[PDB]
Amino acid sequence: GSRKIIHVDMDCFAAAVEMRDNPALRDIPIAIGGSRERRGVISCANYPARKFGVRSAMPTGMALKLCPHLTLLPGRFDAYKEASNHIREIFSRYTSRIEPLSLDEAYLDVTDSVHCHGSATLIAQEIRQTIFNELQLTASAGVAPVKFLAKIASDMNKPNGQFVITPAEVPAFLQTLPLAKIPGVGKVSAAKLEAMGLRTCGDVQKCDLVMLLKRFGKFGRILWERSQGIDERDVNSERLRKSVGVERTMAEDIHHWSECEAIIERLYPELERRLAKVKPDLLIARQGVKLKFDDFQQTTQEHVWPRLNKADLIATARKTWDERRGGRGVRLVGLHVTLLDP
C-alpha cells in the first residue's frame, strides 16, 4: 500500500552538542562515557575517536587502550534534551505523524503531505537543513516505504547525508542485506541464524515460514516478513512511557547489606523526583528492585504496589539480598516502578 517514511537520525548526537558548544573539541577524539575508575562505558563518540575504533556501548577501559588521548566527558542531558525538543518541533512543521524512538531519532510519515510537493526526498532534505541552520548540528535521513528500510537507509550515507529506497529498488536491496542489520536482530540471533547458514534476507527468502515459526516463534514471522520487505507497522505518535527506573553501578562490588541500603537511600529521591514530573500523586501499578552481581547475573523483584514507597523498596531489597545473593559481590543496585495502564 506504499507509504513514504522518513527516518531521521542525529549524527554523534551527544558528541556533536559538546563540540558545537566548545569548538576546541571539534577535531580531537572525544567521547561521552564516564570514567574507567567508575567502571563506565562509552555512550557516544565523535569521528576522530571512531577512527581509533571507539564505539558506543564499549567499556571505557577498552576505549582508552585504543585511543589513549580520549577526552572523556560526562554529558549534559538537559543540553541534549533541549536540542531534541527543538528537533521534534521541526518535525511538527511537516507532519503530525511523528514517532520518536529516542532523543535523537524519529520516524516521520509523510505519505499524506503537501510540503516539498510530495517529495519525501526534498522534505528530508529540508528538515536536515533547517536543523543545521537552527541548532548548528547535523542530521542524517533515510527514505523508504517501510519503517525498518528507512532506518537502515539512515545509516548508509551518514554523516550529513540521506539515502532513498524506492519500491522498485527494494528486491535488490534485500538480496544482499545481512540479517543483522535489521533492527531487532542483535548478536545472539545473528549467530544462530548464521549457525543455520542464514546471513542475508536473500537466504531466508529461500526458507520455510512454518520452519522459522518452529525455531523462533513470533520472531521467525518478523524475520521472514522483513526479508520479503514487508513491514506493516504504522508510525504511531501516541506511544506512552510505561516505566521509570533508576540504577547505579558502584566503583567496586559491595559485600554488606549496610552499604547497599546506603545506595538505595540515595537512589530513592531521584526516582521520586522523576516520577513526580510525570505523576504528581506518585500512583503506580508496581514497584521493585534490581541487583546485579559480580558474575553479571541480575535478578529483579517487582510486585503490585499502589504508590512509590521507600520503605518497601528497602524491605524487598534485603529479601533479595538474602534469598538470591548467595554470597557474591554486588556491582549494581536499582529501583523501578511500572506505571498504571494509561
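Residues carry their position along the shown sequence, with the first being 1.
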Higher mean Cα B-factor in the deposited model: 145 to 153 or 130 to 138?
130 to 138
Avg C-alpha B-factor, entry values, 242 to 250 vs 209 to 217, higher side is 209 to 217
C-alpha B-factor winner, where the candidates are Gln287, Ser35, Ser56, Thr316:
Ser35
Among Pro167, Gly184, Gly229, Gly118, single out the one with the highest C-alpha B factor in the record, please.
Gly118
The third of the chain into which the C-alpha temperature factor of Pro306 falls is the lowest
Comparing against every modelled residue in the chain, figure out the third that the C-alpha B-factor of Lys192 lands in (lowest, middle or highest).
highest
Split the chain's modelled residues into thirds by Cα B-factor; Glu259 lands in the middle
Entry-reported C-alpha B-factor of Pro100 relative to its chain, by third, is lowest
Compared with the other modelled residues in the chain, in which third is the CA B-factor of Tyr94?
middle
